[PDB]
Protein chains: 2
Amino acid sequence: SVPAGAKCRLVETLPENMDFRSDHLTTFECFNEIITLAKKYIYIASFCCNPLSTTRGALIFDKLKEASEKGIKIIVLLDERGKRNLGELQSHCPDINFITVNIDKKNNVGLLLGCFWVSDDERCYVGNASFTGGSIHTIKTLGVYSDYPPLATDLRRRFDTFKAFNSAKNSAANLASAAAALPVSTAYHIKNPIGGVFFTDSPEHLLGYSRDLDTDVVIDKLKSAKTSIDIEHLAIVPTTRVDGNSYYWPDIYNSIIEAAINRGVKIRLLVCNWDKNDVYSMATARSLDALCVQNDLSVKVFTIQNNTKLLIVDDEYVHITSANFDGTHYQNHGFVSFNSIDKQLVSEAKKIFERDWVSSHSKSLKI
Amino acid sequence: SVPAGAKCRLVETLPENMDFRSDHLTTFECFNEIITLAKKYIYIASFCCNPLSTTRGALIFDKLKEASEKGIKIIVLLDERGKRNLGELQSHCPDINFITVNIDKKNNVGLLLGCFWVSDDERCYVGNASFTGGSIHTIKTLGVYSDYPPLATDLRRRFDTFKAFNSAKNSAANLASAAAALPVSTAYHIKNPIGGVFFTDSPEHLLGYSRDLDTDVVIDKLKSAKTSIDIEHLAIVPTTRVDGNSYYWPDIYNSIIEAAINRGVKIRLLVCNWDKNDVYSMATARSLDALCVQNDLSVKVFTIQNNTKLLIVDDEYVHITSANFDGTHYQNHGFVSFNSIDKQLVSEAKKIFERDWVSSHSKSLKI
């Protein structure tokens, strides 16, 4: 028999300067358990790699340094734009195999946002706590830990698809034939969960034929919302700025409004504050301001460093990821998202959203 | 051989209290020519029927009264919500067959917005000048007249589909079997124009299998815009209010923004002013205000009574109709739209839009 929830428990970073308190596992405690119980390998992936920026991040980097010196195969994947610290990371850990990743060499837009750990095909972490000292110590994060082998092995297959994109000779990033010979395998998806948990992937040109697009799954869960929509992300502005040109993409921005106006869904949004010089964020904020007074919608903002990417629908489906709901992320960026329908696991996630909604850092939307 | 433009020339209403001037045919001159040259029948359709509200409208109603007394079969289609004047219209013209129409008895939402004339299968008018004294004399309108038999006959087939929906015993409005036996025929569409002119229809449950949806054709022409988008409609607010509940529909609202931001299309919009008490119109206006300063977009408003529904794309495609770009109209309301790609006919339409854009009634968008 398979366990309910796939042995998943919540993991988050709650800095001391913030009022967030919980009994769940912490991100610092989570990374120590993965390195301690490691016997075969430790595979880590994130956008930027910089553990030495805080105290707790350096201790995790020392435990990973000691693990690499005992025979554990350590491979760290980072986007080629976090290449500044590469000379610093290799100088402190010569046994750790640092690999730069460029998943999109056709247009140089897709970034490696896969934020997850995996070890021995048994234990794994996934969330938005990137391999940075801030995301371990000073930046609020939110993730999930599970010691279930079948769930960690399916996340390891996500690592194999991302590892092939290396800026070194002929590979999945340089050849079109070596990239088509990639086994893009997934053991579980929205049509076959494991313990009520499944992974959604991104972008579309890296799904193959079996994996499900995270864009289609999130939109379907938002269009199928009946009672409540709770989102804690960076921003839900439908317009992003790639290079020096603005990009418009309101797919997520419309499926949420379709729930509040047409279906009367009680929606609560918790995004960051916005630049007053950004006309796309001011117009988006004033558009949401007229909806809170006309429908059952509520918006609060915060100014702290928080990478939390949370989505809860009808207290029945939860969605934790590292990418933000926008056009640039769900069209080009590569990442893996956590999807679960376990009522007990969603209830603990609803407990976290209610904590952050009434927190002192969450001031009401004022324009 | 077939003539270019299908013998089409512009027709509009330019009241004396307004500064609009042109050498084209007027709506009052257009209705006199149709009644004078009538030999077989005159079929008229609009939402509300009230010709006696102005001077020119009463003269058209007298010419139509004299035509009905000579043997011309006069059938007037009006929506069952314009039934107030029905006792007045029949009292002045007993020989004219007035018919109330309810195209949607399933939900009582679809309204008869078909605004067109047709006579002898030879001459026909189509636009937004409804059968009202205002739309002939005091309300600015815009339409097209053509004495081409094949184009008028295809518009008569639109009248046959609308006439079947009568609130009288068993018919297309009462029976589901008598409504399926309806010949829903079109001779020309977007895949087969006549002289560069074709009709698009609405709603979707009245198209059959041959007619093209006006919603799909307009969105495709907006998504295929390369240089310019010129629209003169009532309003492009993505939210409408059906009954006492708001309805959200941004399909047209998004395809236009996709052109200005992603494709850099120079777009000029001329809509009416909005109620300051309407939060959906204020948020929509402030959203457009931040786009005019960030992209090549310009918006002007007017307060006069104007039913003009115009759409020009890249000076190559023109779209004149009676319904407004919104959710309630293109989802439920029944109407026929004028579509033409004739360069000479679009050039005359571009001449009209430039006149209304710099007119004194078109004040710049101020918030």
# chains A, B, ... in the order shown; residues from 1 in each chain; ligands from 1
call {"tool": "closest_atom_pairs", "arguments": {"of": "chain A", "to": "chain B", "cutoff": "10 Å", "atoms": "only C-alpha atoms", "output": "Markdown table"}}
result
| residue | atom | partner | partner_atom | distance |
| --- | --- | --- | --- | --- |
| A:239 | CA | B:261 | CA | 8.8 |
| A:245 | CA | B:262 | CA | 8.1 |
| A:246 | CA | B:261 | CA | 6.3 |
| A:247 | CA | B:262 | CA | 5.7 |
| A:248 | CA | B:258 | CA | 6.3 |
| A:249 | CA | B:258 | CA | 8.1 |
| A:250 | CA | B:254 | CA | 7.9 |
| A:251 | CA | B:254 | CA | 9.8 |
| A:254 | CA | B:250 | CA | 7.9 |
| A:257 | CA | B:248 | CA | 7.6 |
| A:258 | CA | B:248 | CA | 6.3 |
| A:259 | CA | B:248 | CA | 9.4 |
| A:260 | CA | B:248 | CA | 9.4 |
| A:261 | CA | B:246 | CA | 6.3 |
| A:262 | CA | B:247 | CA | 5.7 |
| A:263 | CA | B:247 | CA | 9.4 |
| A:264 | CA | B:246 | CA | 9.8 |
| A:278 | CA | B:290 | CA | 9.4 |
| A:279 | CA | B:290 | CA | 5.6 |
| A:280 | CA | B:290 | CA | 6.9 |
| A:281 | CA | B:290 | CA | 9.5 |
| A:282 | CA | B:290 | CA | 8.1 |
| A:283 | CA | B:287 | CA | 4.9 |
| A:284 | CA | B:287 | CA | 7.1 |
| A:285 | CA | B:287 | CA | 9.5 |
| A:286 | CA | B:283 | CA | 6.4 |
| A:287 | CA | B:283 | CA | 4.9 |
| A:288 | CA | B:283 | CA | 8.2 |
| A:289 | CA | B:283 | CA | 8.2 |
| A:290 | CA | B:279 | CA | 5.6 |
| A:291 | CA | B:280 | CA | 7.8 |
| A:293 | CA | B:279 | CA | 8.6 |
| A:294 | CA | B:279 | CA | 7.6 |
| A:295 | CA | B:246 | CA | 9.3 |
call {"tool": "residues_around", "arguments": {"residues": "residue A:166", "least_positions_apart": "3", "cutoff": "7 Å", "atoms": "only C-alpha atoms", "output": "list in words"}}
result
residues 99, 100, 101, 102, 163, 171 and 173 of chain A
call {"tool": "write_last_selection", "arguments": {"atoms": "C-alpha atoms", "output": "PDB file, in the first residue's frame"}}
result
ATOM      1  CA  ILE A  99      27.613  22.537 -13.809  1.00  0.00           C
ATOM      2  CA  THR A 100      26.320  25.610 -15.636  1.00  0.00           C
ATOM      3  CA  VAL A 101      22.985  25.114 -17.398  1.00  0.00           C
ATOM      4  CA  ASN A 102      21.471  26.978 -20.364  1.00  0.00           C
ATOM      5  CA  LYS A 163      21.487  18.041 -16.363  1.00  0.00           C
ATOM      6  CA  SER A 171      24.860  17.821 -25.558  1.00  0.00           C
ATOM      7  CA  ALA A 173      22.031  22.380 -25.182  1.00  0.00           C
TER       8      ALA A 173
END
call {"tool": "closest_residue", "arguments": {"among": "B:67, B:91, B:140, B:30", "to": "residue B:14", "atoms": "only C-alpha atoms"}}
result
B:140
call {"tool": "atom_distance", "arguments": {"atom1": "atom CA of residue B:98", "atom2": "atom CA of residue B:78"}}
result
7.8 Å
call {"tool": "residues_around", "arguments": {"residues": "residue B:95", "least_positions_apart": "3", "cutoff": "8 Å", "atoms": "only C-alpha atoms", "output": "VMD selection string"}}
result
chain B and resid 65 68 to 69 74
call {"tool": "atom_distance", "arguments": {"atom1": "atom CA of residue A:176", "atom2": "atom CA of residue A:214"}}
result
24.0 Å
call {"tool": "residues_around", "arguments": {"residues": "residue A:299", "least_positions_apart": "6", "cutoff": "8 Å", "atoms": "only C-alpha atoms", "output": "PyMOL selection string"}}
result
chain A and resi 268-271+288+292+364-365
call {"tool": "residues_around", "arguments": {"residues": "stretch 204-211 of chain A", "least_positions_apart": "2", "cutoff": "6 Å", "atoms": "only C-alpha atoms", "output": "PyMOL selection string"}}
result
chain A and resi 184+186+202
call {"tool": "select_by_dssp", "arguments": {"residues": "stretch 127-162 of chain B", "states": "helix (DSSP H, G or I)", "output": "list in words"}}
result
residues 133, 134, 135, 136, 137, 138, 149, 150, 151, 152, 153, 154, 155, 156, 157, 158, 159, 160, 161 and 162 of chain B
call {"tool": "write_last_selection", "arguments": {"atoms": "C-alpha atoms", "output": "tab-separated table (two decimals), in the first residue's frame"}}
result
chain	number	residue	atom	x	y	z
B	133	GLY	CA	-36.02	58.40	-35.73
B	134	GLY	CA	-32.84	59.20	-33.83
B	135	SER	CA	-30.62	56.85	-35.84
B	136	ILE	CA	-31.95	58.57	-38.99
B	137	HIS	CA	-31.87	62.22	-37.86
B	138	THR	CA	-30.22	63.00	-34.50
B	149	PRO	CA	-28.24	41.54	-56.14
B	150	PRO	CA	-25.94	38.67	-55.04
B	151	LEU	CA	-24.83	40.59	-51.94
B	152	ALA	CA	-28.39	41.61	-51.02
B	153	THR	CA	-29.71	38.07	-51.48
B	154	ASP	CA	-27.12	36.72	-49.04
B	155	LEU	CA	-28.29	39.35	-46.55
B	156	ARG	CA	-31.88	38.26	-47.17
B	157	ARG	CA	-30.90	34.75	-46.05
B	158	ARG	CA	-29.87	36.35	-42.76
B	159	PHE	CA	-33.40	37.79	-42.56
B	160	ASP	CA	-34.95	34.36	-43.12
B	161	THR	CA	-33.00	32.89	-40.19
B	162	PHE	CA	-34.12	35.77	-37.94
call {"tool": "atom_distance", "arguments": {"atom1": "atom CA of residue B:362", "atom2": "atom CA of residue B:305"}}
result
12.3 Å
call {"tool": "residues_around", "arguments": {"residues": "residue A:34", "least_positions_apart": "6", "cutoff": "10 Å", "atoms": "only C-alpha atoms", "output": "MDAnalysis selection string"}}
result
chainID A and resid 42 64 117:120 122:125 145 147
call {"tool": "write_last_selection", "arguments": {"atoms": "N, CA, C and O atoms", "output": "PDB file, in the first residue's frame"}}
result
ATOM      1  N   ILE A  42      23.894  13.444  -4.027  1.00  0.00           N
ATOM      2  CA  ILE A  42      23.091  14.612  -3.677  1.00  0.00           C
ATOM      3  C   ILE A  42      23.048  15.505  -4.910  1.00  0.00           C
ATOM      4  O   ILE A  42      24.083  16.037  -5.329  1.00  0.00           O
ATOM      5  N   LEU A  64      27.788  19.930   3.153  1.00  0.00           N
ATOM      6  CA  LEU A  64      27.880  19.392   1.801  1.00  0.00           C
ATOM      7  C   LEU A  64      29.330  19.205   1.375  1.00  0.00           C
ATOM      8  O   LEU A  64      29.633  18.296   0.594  1.00  0.00           O
ATOM      9  N   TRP A 117      15.994  19.516  -4.192  1.00  0.00           N
ATOM     10  CA  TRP A 117      17.052  18.591  -3.821  1.00  0.00           C
ATOM     11  C   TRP A 117      16.563  17.159  -4.008  1.00  0.00           C
ATOM     12  O   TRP A 117      15.359  16.894  -4.055  1.00  0.00           O
ATOM     13  N   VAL A 118      17.514  16.235  -4.116  1.00  0.00           N
ATOM     14  CA  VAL A 118      17.203  14.813  -4.233  1.00  0.00           C
ATOM     15  C   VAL A 118      18.460  14.027  -3.886  1.00  0.00           C
ATOM     16  O   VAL A 118      19.573  14.416  -4.252  1.00  0.00           O
ATOM     17  N   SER A 119      18.278  12.924  -3.161  1.00  0.00           N
ATOM     18  CA  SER A 119      19.405  12.138  -2.676  1.00  0.00           C
ATOM     19  C   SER A 119      18.999  10.679  -2.543  1.00  0.00           C
ATOM     20  O   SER A 119      17.946  10.376  -1.974  1.00  0.00           O
ATOM     21  N   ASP A 120      19.837   9.787  -3.077  1.00  0.00           N
ATOM     22  CA  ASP A 120      19.692   8.337  -2.950  1.00  0.00           C
ATOM     23  C   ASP A 120      18.375   7.821  -3.521  1.00  0.00           C
ATOM     24  O   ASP A 120      17.989   6.680  -3.244  1.00  0.00           O
ATOM     25  N   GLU A 122      15.619   8.483  -2.541  1.00  0.00           N
ATOM     26  CA  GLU A 122      14.783   8.230  -1.373  1.00  0.00           C
ATOM     27  C   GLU A 122      14.253   9.510  -0.749  1.00  0.00           C
ATOM     28  O   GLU A 122      13.049   9.615  -0.490  1.00  0.00           O
ATOM     29  N   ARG A 123      15.116  10.490  -0.503  1.00  0.00           N
ATOM     30  CA  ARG A 123      14.722  11.755   0.095  1.00  0.00           C
ATOM     31  C   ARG A 123      14.858  12.880  -0.923  1.00  0.00           C
ATOM     32  O   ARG A 123      15.716  12.837  -1.810  1.00  0.00           O
ATOM     33  N   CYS A 124      14.003  13.890  -0.786  1.00  0.00           N
ATOM     34  CA  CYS A 124      13.998  15.000  -1.727  1.00  0.00           C
ATOM     35  C   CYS A 124      13.283  16.193  -1.109  1.00  0.00           C
ATOM     36  O   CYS A 124      12.336  16.036  -0.334  1.00  0.00           O
ATOM     37  N   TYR A 125      13.757  17.386  -1.462  1.00  0.00           N
ATOM     38  CA  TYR A 125      13.105  18.641  -1.124  1.00  0.00           C
ATOM     39  C   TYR A 125      12.722  19.361  -2.410  1.00  0.00           C
ATOM     40  O   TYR A 125      13.400  19.234  -3.433  1.00  0.00           O
ATOM     41  N   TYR A 145       9.136  18.499   2.072  1.00  0.00           N
ATOM     42  CA  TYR A 145      10.115  17.429   2.213  1.00  0.00           C
ATOM     43  C   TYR A 145       9.398  16.090   2.317  1.00  0.00           C
ATOM     44  O   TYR A 145       8.322  15.996   2.916  1.00  0.00           O
ATOM     45  N   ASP A 147      10.516  11.675   2.464  1.00  0.00           N
ATOM     46  CA  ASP A 147      11.455  10.562   2.387  1.00  0.00           C
ATOM     47  C   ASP A 147      10.868   9.366   1.644  1.00  0.00           C
ATOM     48  O   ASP A 147      11.227   8.218   1.929  1.00  0.00           O
TER      49      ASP A 147
END
call {"tool": "select_by_dssp", "arguments": {"residues": "stretch 76-316 of chain A", "states": "strand (DSSP E or B)", "output": "PyMOL selection string"}}
result
chain A and resi 76-79+97-101+112+116-119+123-127+132+140-146+189+192+194+197-202+213+228-232+239-242+245-248+266-272+297-302+306+309-313
